[PDB]
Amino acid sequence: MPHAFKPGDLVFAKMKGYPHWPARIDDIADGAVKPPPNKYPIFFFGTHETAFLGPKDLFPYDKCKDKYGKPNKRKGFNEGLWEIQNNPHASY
């Protein structure tokens, strides 16, 4: 049975106007800005940007990669596909 999301979990994250995007739950470094309540820091592969999202916009990467893990014309998406598959926990 599923657990709550935790840092390091791999997802597709959905933002308005963007396709479901390869991303990870980030950790929060000591002394760094914390997310709002019930939000997670979402690191988007490829663009390397961070947004604060709730679980309603987070889809498990392994379950959904057949549906969402296809190349996309949007800037950074295909680099992001490489990152989530080949080095998803690296320092970016």
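In this text, residue numbers run from 1 along the sequence as written.
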{"item": "Cross-entry absence of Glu49, a third or more of other PDB entries", "value": "no"}
{"item": "Check: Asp27 without coordinates in a third or more of other entries", "value": "no"}
{"item": "Residue range whose averaged C-alpha B-factor is higher in the record, 17-25 or 68-76", "value": "68-76"}
{"item": "Between 27-35 and 41-49 (mean CA B-factor, as deposited), the higher", "value": "27-35"}
{"item": "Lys6 - which third its CA temperature factor falls in, relative to the rest of the chain", "value": "middle"}
{"item": "Assigned third (lowest, middle, highest) for the C-alpha B factor of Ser91", "value": "highest"}
